[PDB]
Structures are given as C-alpha cells and as structure tokens.
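First up is the structure itself, then whatever we jot down about it.
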Amino acid sequence: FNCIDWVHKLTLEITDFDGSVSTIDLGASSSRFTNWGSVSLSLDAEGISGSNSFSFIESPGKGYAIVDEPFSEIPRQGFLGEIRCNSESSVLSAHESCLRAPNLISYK
Amino acid sequence: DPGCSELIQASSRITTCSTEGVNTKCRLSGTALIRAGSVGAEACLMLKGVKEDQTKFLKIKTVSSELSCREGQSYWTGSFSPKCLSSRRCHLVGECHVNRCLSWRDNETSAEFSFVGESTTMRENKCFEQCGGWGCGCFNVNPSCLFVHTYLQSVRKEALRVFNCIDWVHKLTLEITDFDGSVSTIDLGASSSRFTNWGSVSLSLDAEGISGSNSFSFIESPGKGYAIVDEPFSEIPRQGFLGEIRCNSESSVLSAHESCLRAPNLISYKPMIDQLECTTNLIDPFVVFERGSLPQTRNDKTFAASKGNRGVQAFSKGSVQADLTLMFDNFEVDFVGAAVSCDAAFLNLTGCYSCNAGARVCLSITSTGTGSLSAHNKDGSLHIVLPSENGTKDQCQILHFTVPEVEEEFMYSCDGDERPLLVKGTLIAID
Amino acid sequence: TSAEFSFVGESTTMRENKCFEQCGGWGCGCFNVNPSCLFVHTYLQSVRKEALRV
Amino acid sequence: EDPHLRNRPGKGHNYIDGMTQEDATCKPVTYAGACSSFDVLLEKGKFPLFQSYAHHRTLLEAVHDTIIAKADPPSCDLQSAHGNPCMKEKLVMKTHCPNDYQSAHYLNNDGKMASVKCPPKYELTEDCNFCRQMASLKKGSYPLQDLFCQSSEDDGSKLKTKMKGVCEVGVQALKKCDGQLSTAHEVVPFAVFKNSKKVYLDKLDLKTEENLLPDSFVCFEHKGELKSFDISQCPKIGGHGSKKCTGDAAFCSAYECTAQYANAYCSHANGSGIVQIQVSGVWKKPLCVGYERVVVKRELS
Amino acid sequence: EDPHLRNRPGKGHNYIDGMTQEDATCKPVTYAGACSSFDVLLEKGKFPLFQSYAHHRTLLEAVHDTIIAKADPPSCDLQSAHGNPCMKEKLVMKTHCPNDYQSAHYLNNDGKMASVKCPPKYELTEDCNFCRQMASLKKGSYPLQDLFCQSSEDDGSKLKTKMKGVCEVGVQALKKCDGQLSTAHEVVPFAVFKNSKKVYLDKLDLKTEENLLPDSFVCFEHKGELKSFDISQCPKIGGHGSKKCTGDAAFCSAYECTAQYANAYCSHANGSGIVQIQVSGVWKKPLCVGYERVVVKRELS
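Here the protein sequences come in this chain order: T, R, P, O and Q. Here the entry's author numbering is used: the first residue of the first sequence is 850, the next is one more, and so on. Here the entry's author numbering is used: the first residue of the second sequence is 688, the next is one more, and so on. Here the entry's author numbering is used: the first residue of the third sequence is 796, the next is one more, and so on. For the fourth sequence, the residue numbers in the entry's author numbering are 154 to 287, 290 to 379, 393 to 469. For the fifth sequence, the residue numbers in the entry's author numbering are 154 to 287, 290 to 379, 393 to 469.
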C-alpha cells in the first residue's frame, strides 16, 4: 500500500464514569460512537508531505517495511507487483479475481 | 430628510392636459431627465399644468450610494455525517460472490438491505470481502461477504450558500414619492429597470465600480451575517477542497437530498470482518465563516451585508454622479385647487452652501385645513413643498444654495393669494 | 407553456418560461417534504414610445 | 394526479336562473356528478386558470355563498326590443361560445349574476350574441368568464379601475382621450371585491399563503365510486358537533375521529389557503377575480 | 411457487382471543387450511425482512412459546372512543391493510401483545387504524410490523432507547420539546431484549453464524403434519448415530444421507440461527427485532 497524506492519529484510552475502560483512536476529523456519546478531533498540525513516491509492505503478524520507489500502478513485466490480488485468501488460494500481467507465464 | 435639490421642468411635447369635472388634470406620455441626488438630496420633477398654482412634484429620496452584486453560479453546502450498516453473509448464501462483490454498483439495492425503508437521501451500496471457514463463523471454506449500505444524513441545523460576484453593480436605493403622496421604495442598479405605479424607472449614467470580483467567493447565512473568502470560485468538487459536497437548495442540505453533487470515493471504510466504522473527513465551513466574518476591511472599501433585501453590498466613499430616467406609461396626474388658509413662519437655516448635501431649512406652518403648500422664488429655480393640516407643525426639508448669506425672497401660498417671505441663515463651506 | 399561465396564449410577444426550486412542508406552506415549484411566465413590453434604426 | 378537480369545498352549488333544467344534477357537486355548468370548466384547452386553481369557488357558488346578490332580471332575454340590460356587456365579448348551448351567464359591472337565455327551442350562434334555430342540447348555461372565487370580506367601494392610459374598456367610461381610438380585442383581467364594481387590472399578481385552515381537508363516503361530504361538519378534538367524522393520522391529529360512528372517510388535502391580489400596491384579499375578453380602445397617437 | 415457508418450527400457533374464528386451520400452520394471519406474509413486495428470515418464529408464535407476554387487555375495544389503550401506539404508526380485515396486532411499549378489534360486522380502513362500516370477512389479524422473533437467554434489561437527537419518537418521551420539530413518518427499527421495553434502534447490524445448530436448519419429517426436528440426532460423516437423516448436497456434504431410508429430511435455510445485533458497542442477542413507520419528532429549532 501507499500513503497520500499522513494523518496525525492519537490513540485515546477513554475511561467512563462507572469504571469501564475503552481504548480507541482519532484521526484528522473522524468520530467514533462511544457509550456516553462521541469524540472527535478539533485541530491538527505537523504534517509530512511527499509520500506518493514510497510503498509500504504489510505482513500478517510479523512487521512492516519501507521501499524507496513509487507505488505500483499497472502490473507489468520487470516491475514489483506482477500478480496482484485483493485479499490474502485470493493469494493463498489463487482466485480468478486476481490481476496478473499479460503474457507473463513463459513457455518452451 | 426631504427637500428638492435637482429640479427640472418637463417638456411640453410629452405634456398634454384635459378637463373633466371642474378640474384640470394632466398626464405624461414621455420620459424626462434629472440628475441623481447624493446622500440626503432628492431629484424632484416639476409638473406644470395650465397656469402657476397647478404645480406638482415627484420626490425621489436617495438613501446612499451602494454597490450590489450579480449572482451567476451558486450552490448550497453544509456539514454531514455518514451512517452505514453492516451485514456479513457466508459463501454460497444468496448473492455472495467475490466477482459480483468486486464490481458491485452503488445504485443497486442488495437482497440483504431491501428492508431499510423510504430513504430518499444520498445512499450508496458498497461491498468488501472478508474471511471465512470455521474460524470466522461459516460452513464453507471460501471467504464470506459483507454488504455495505451507506447513506448520508443532515446533522447540522443550519446551512450555508456559497456564491460569487462578476460585476459590482452600483445600486441606488431610491424612495420615489408619487404626486398625490404615495411613497414607494425601490432600487436601481447600472441600467436595471423596475415597475412602479406611475410607469417605470431605470438608472442611466453610472461611473462607479470595483474591478477584480471573480477571485472572491462569498458565503450567505440565513439570518446571521454573511462572510468573505479570499479565493476564486470553487471549480469541480474534489477531495480535500472547500465545497466538495454541494446541492442546489436549502432543503437539499437540511434534509440531505439525493439530488446533490458530492466527491466520488469520499466516504471511508474500515473493514473489520464484523465491525465497520465509516467516517468522512469533511471540510467544516464554519471555521472560514468565523475567520472571515463581515464586516471586514478590504482596500479602501467596506464590505458588509444588506438589510431587508438579501444580498451582499460594498460601501464606497466616492461622489454620487448619475442620471435618472422617469418613464411615464401614460398616467394621469390630477390636482384639486384647495381653499384653506395658512400662516407660515421662519425658524432657522443651517447647512452648507455650494455643497451636494444642501442646507436644511425649517418653517412653522400653521393652517386650519388638510392640504398642501406650494412656494416659489422670484426668478424661477427654487420651490418649497410641504404638507399642511389643521394645527401647528414644523416641517423641514433641504434646500441648495451657492451663498453663505442667503437673502432670497420666497412666495408661499395655500389657496391662491401669495404673500412675501424672507429667509436668512449662516452656512459653512462643505466640499 | 406552463399550465399555471396557459391562459395568456401563444401570442407573438417575446416570452419565456422559467422554473426555480423552492421549499415545501408546513414550514413554507405545503404538506409534503418535497420542495415546491415556481412557474414563471416572463413577457417583454415596449418601454419607449419610439424606435431607432442604427 | 390532482384528486381535487371536481370536489368543491364548502357549498358547491351551480344553479342558474332561467335555464331550470339541471336543478337535481348540480346540487351538490360530487365526483360522479353530471352538471353541464362544470364539465367545460375542466376541459383540456379551454380554461387553464380554473384548471390551475381548481380548489376554489366559481361564480354560481359565490352567488349561493350569501355574499353576491343576483341581478334583476337574472335571466335576460335576447329577443327583446330596445333597452336590454344584457346587450351592451354581451355583444362586446370576444370569447367564442361552443355549440349545443342556449344560456350564457357572466358578471356585470355592479357585481351581480347576469345571464341570457334563448326562447325554446333556439340555440346560440358562433359569437353567441343572437338566437338561431337548433350533439344533445345542454341542460344548463355556459361560463363566459374564466374566474375563481373564494371566501373574503374586504371592502372595495373606494377602489376603481386602475387602467392608466386607456380610453374605454368593455362598457365602463374611464377617461376622455384626445387621439384616435384604436379598437383591439385583448385580454384584460377584472377584480371584484365584496360588494364593489368590476375593477379591471393590467398585471395580475396572485400569491398563495396556505396554513392550518379547515378548507384543506376533503372527505368521502365508504365503499364496501365516490361521494361528497362537507368539511364544516367536523368539530374539534374532545368535543361533539353535528355530524360524525373520521380520518387518518393527518385528520385525527387535528379533529376528533369517531371511528366507526362516521359514514365518510376523510383524507389529507392541500390547495386552499388565503390567496391575495396586488391592487394599488397593497396586498388585499380578492373575492372573485379572473379574466374577461372585451373590446379595449386605446390611443393611436 | 412452492409453499415451503409455511413449515414453522416449534408450535406454529397464530390465534388471539376476542375474534379470529379461523383457529381451526391456524393451529398449527401447515399446508392445508387457509390462514389469513400468515398468507399475507408470503407475498413478495411487502415485508422483505420476514421473507429473508422466514425460518424463525413470528410474534404470536413467540407469545405461544413463553417468550412474549400478553397485555391487559390483549384486544383493544374500539367501540368506546375518547380514550382507549390503543391510541398513542397506533395513531403514530403508518400501515396499510388490503381491506376486508377487522383485527391487527402490533408491539406495545411494555413488550407484550397489543392488538385492535372490530366487532362484527365492521372493517379496517386503509391505514389499519379505526374501524369502518361495510368482500369476504377475514377475522384474522394483520401483521402491522415486519418483525421476527427467536429464542435466546442473554440478559439485557438495563438498556433504553439508543436514539440520540430525537425529542419524542413513537410513544417514548426521551425529552421535552416545544419548538419546531421535523415531524415526518420515517422507518425506524426496534429491538426487544430479555424482559425489556421497546428499545428503538439507530442502526441495524446483524450477525448470523451458519453452523451445525438446529436453529440454523429446518429439518422436518421425510415424506418421499411437519414440525421441527432436532438435527443433533443425525449421524455424522463416516460414523453412526441414532435416527437417520437426508438432504441436499449442503446437508449430505457434512452428515450421512440414506435417501428414502431416512425418517427426516433436512435442508439449508437462508438466514437462520444465532442472530446478534450491535448496541452500545457490545454484541448482544435480542429476541424480537423489526421495523415500524412511526412519527419521529427530530430536533430543528
């Protein structure tokens, strides 16, 4: 995946009046419905620009990564992302919904 | 304050008279010309019948010099909030297909959301694939489906309309008074015409305007003050821009009508198998409405709102030089010769000489019957018209002079016999 | 020609038909939440008593 | 749509004098009624004003509303000699009258119901001015003026015709002209208040101001076609009136619903309100305003 | 179409005191015997929620299964007006009966069964509210709500209305309001927990776990009346059990099928089993969830 605008996220652990503990988060101007109502941000600052020329890799239960190249738009030969899908099950089971590069599988 | 400043006599070619019921009535089937008065002055029109006592006047009271606007492309906007529903279905259940879920249309109600009801709002139908198997709560090994039905609603009790200006039309709010005494308040801008009981009127000469109005967008608030934004008009509504969701009417925003224009792929989603928190990072126009609230100081002008009639104006500090066209649609002007007596007395005379505002004059008119007063000087360039009734009142108007030592003899009457009257007063020099 | 002003007729006078969206419900003077209509029948009239050939 | 085309609120009586051949087919006026003095009022391509303002009152309904008195005589005779009251106001008309008709009613200058009638068995001509020999003949009259009435009470005895620069319109003697008379048949509206004269106009400006009024509700009997039921027979909530009433949530919230004790189901309607008129700049409540096609004389010079 | 949805699990009783003399055919609900209190729930284009969840219990079936209690009185008497137990809970509700009915049931604020009643020989109006005078006389009750009921044991009687921003919705007065309100008939859902009240719903987020539970299937007696059959007695794949079972590929792909040598026939149902819902951010298992068109008074000014 890629990033177009870094959103300043603040993880909030809201504790109600009775004693119930709830851990949530807020970003930019999003609002989440809680037990007593809803909370949202009002003012944000400190933004990082120029993130369209980078691509990140997410791993299930392992970690993240950073790649110093623009994000893959169209799949083609000789570039990262020759066979792309939509979900993890589409990769582990090879479903027809995946998008591959035309004339990628060679033959002899 | 009343008072004739610029007075002119109508031409005899467009002035014809008749006689019906021991009365000499006259109609006008033409158009005259008179200079537009400044702040407080008037542009009276002397109407002569067949002799001297039968003289009528049409007062046009000028409020102040204003600059109206010309709305072209406008739209309504406001705050909104998403409200989406979640419904997870396992594979091989109804219409659970990843090929159909991937290319799922927004204007197609799914089989799991056809029981919502009458929702005439900006609704959409999305879909996202999740997990499956026995670990997620399904019988088939294939992943499950998650139909999404998102519809917008209105959460703010007020809305705002964003418009622009292409040419500051110099509007002059005129209070035209008919010959009989009917008072009518109208407005004229540049070369616009209205509709009055005596025909029609339109502004002629106009040499006042403000350039560079396209690069400024205004915001109208129902009831409260307006606003001003220092940016050009909003083009196409896209993500991360002021005015990404627009409509056409106020009810389309206060009730979230489906006939509105919004940014595509704006409503975010959080696929969490079962849960789905949908939030939208909408732009709040109230921040700009509070940072740029009228009145403000822009260059050497004063931008503010307008009373009574909704619209934005622009206060100026220049002179008032314009012309008026009094179009008469063949309207008769009757006049009954009164026979009541009056004994007027001079009071004071304060104001200015050779000024556009004129000098204020007051008299002590004391009559015994309800009628009108008609006065004139000696050479024929000054006239005094003031109401009269049974009792003792003090009527005041504005008269123009070109000398600080006013020593002009007046000839006022209330039935026929004219008596002399002398006025005096010290004036000041006002440019 | 709108039905609210079809009694005037299809004469040879410069005419036009406009319509603007308003408001409905009991807050404005209707019964339904749908906005009302505003049928406009604009026709021009000769103001000056004479013409000029430029 | 428009479910209020034939339903007449309040009275709803279209009785004409002289042409007494429809007394049992016009009182009242229901959905399935067969009244000759109301069928042509909703004809496509005839009276668009009545089609636009259908939920109002007509001329005869205003006469039977105890607010407009009839003329004397109410049914004029076109076969008279000299001195016919219904001749100067009838010959100057321009509205074409259809065939298969014998009577024709209109409004005079005084504000009374005036009508003409041919002797049996004659009918009207093309200009419906004389009487010539005889589908089937109608059992009533024909509306000559496209006007709508309502419930008003403002006085208009001090307001006269405001047609400026007009010589003589219709039959009224306005002012004296100095140029050559220009005879031209045009459409000039007319406004008649409560007990006033026929005041003509030039630019008719009509606005509608609707609110919580009892005239915005219709009713109809049950059916195990439709009928008619007056809305004035429904009292308020927590009380008892003359006749029983019932309705839906839009009717039971304002008036008391007697459940099955009533014999007519009421629904929600909208089309009444308080219609105003622009006369001399002041917005007043008109009584019977409409349009009339008469001879208009103007100045050529 | 094939009336396969008439097989109701458990008891399948649809009868109430007062009227409805068709209890000889509506007890139970099978193929034979026309039941007017269930045939209207199978026609497409009316109540799609009950058609999607046509494998659980209804309201009356929940009453006859020790789930929903009976109100006092269970049938409102519409003979005496000016006050009755069925006024506020029905006047705000917007429904539509296909006529020829007299009885209609709905849900009250307490959580019991509140129904109207028209004494013979009356009829319901087009809005199912009050009665009216007089085809056939259908004494059965008309389902006024598109609700579905099931069995659960999750406690949750400490939650009220979750809607925020509405002054008075339906019959519950959350807060007092005297200004202008947005009075409009909206479709707002509702839910009833274990021995709770009419808990209104702001959003509907269901959750059904399709597993091997008896509530997730509609096993009935194999043919070649019909009640609910416990699926736990069906033998597993590659093993041995008590009785015999059979079904389609969805059932034969998990258990053992013997075709004609089976005492019961099973089939995979659409939308059946443990049904959860979101409330206060915590998943709970309700009892009866449905929709209703009541008057919602939202805030404005």
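Cβ coordinates follow ideal geometry from the N, Cα and C atoms, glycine included.
Length of the line joining the Cα atoms of residue i and residue j
i	j	result
residue 469 of chain O	residue 314 of chain O	29 Å
residue 411 of chain Q	residue 375 of chain Q	13 Å
residue 759 of chain R	residue 850 of chain R	8 Å
residue 943 of chain R	residue 852 of chain R	27 Å
residue 192 of chain O	residue 174 of chain O	16 Å
residue 465 of chain Q	residue 335 of chain Q	9 Å
residue 827 of chain R	residue 349 of chain Q	32 Å
residue 924 of chain R	residue 338 of chain O	59 Å
residue 352 of chain O	residue 321 of chain O	18 Å
residue 179 of chain O	residue 194 of chain O	14 Å
residue 181 of chain O	residue 689 of chain R	60 Å
residue 251 of chain Q	residue 298 of chain Q	11 Å
residue 341 of chain Q	residue 778 of chain R	33 Å
Short Cβ contact (8 Å threshold) for residue i with residue j
i	j	result
residue 834 of chain R	residue 774 of chain R	yes
residue 371 of chain O	residue 296 of chain O	no
residue 1020 of chain R	residue 710 of chain R	no
residue 224 of chain Q	residue 265 of chain Q	yes
residue 277 of chain O	residue 254 of chain O	yes
residue 210 of chain O	residue 286 of chain O	no
residue 345 of chain O	residue 460 of chain O	yes
residue 792 of chain R	residue 783 of chain R	no
residue 343 of chain Q	residue 462 of chain Q	yes
Buried or exposed (CB count within 10 angstroms, at least 16 for buried), residue i
i	result
residue 406 of chain O	exposed
residue 445 of chain O	buried
residue 832 of chain P	exposed
residue 408 of chain O	exposed
residue 885 of chain T	exposed
residue 1061 of chain R	buried
residue 449 of chain O	exposed
residue 905 of chain T	exposed
residue 855 of chain R	buried
residue 734 of chain R	buried
residue 817 of chain R	buried
residue 937 of chain R	buried
Where residue i sits in the DSSP three-state scheme
i	result
residue 1092 of chain R	strand
residue 1048 of chain R	strand
residue 1117 of chain R	coil
residue 893 of chain R	strand
residue 159 of chain Q	helix
residue 369 of chain Q	helix
residue 429 of chain O	helix
residue 195 of chain Q	coil
residue 154 of chain Q	coil
Unbroken alpha helix (DSSP H) run spanning residue i, endpoints
i	result
residue 383 of chain O	Coordinates for residue 383 of chain O are absent; the numbering of chain O skips from 379 straight to 393.
residue 512 of chain Q	Limits of chain Q in this structure are 154 at one end and 469 at the other, which puts residue 512 of chain Q out of reach.
residue 976 of chain R	972-978
residue 789 of chain R	785-789
residue 201 of chain O	201-205
residue 289 of chain O	Coordinates for residue 289 of chain O are lacking, as chain O steps from 287 to 290 with nothing built in between.
Opening and closing residue of the beta strand (DSSP E) in which residue i lies
i	result
residue 713 of chain R	713-715
residue 226 of chain Q	223-228
residue 179 of chain O	First-last for residue 179 of chain O: undefined, no H or E at that position.
residue 256 of chain O	256-260
residue 937 of chain T	Run containing residue 937 of chain T: none in the beta strand (DSSP E); it sits in the alpha helix (DSSP H), 937-941.
residue 1015 of chain R	1009-1015
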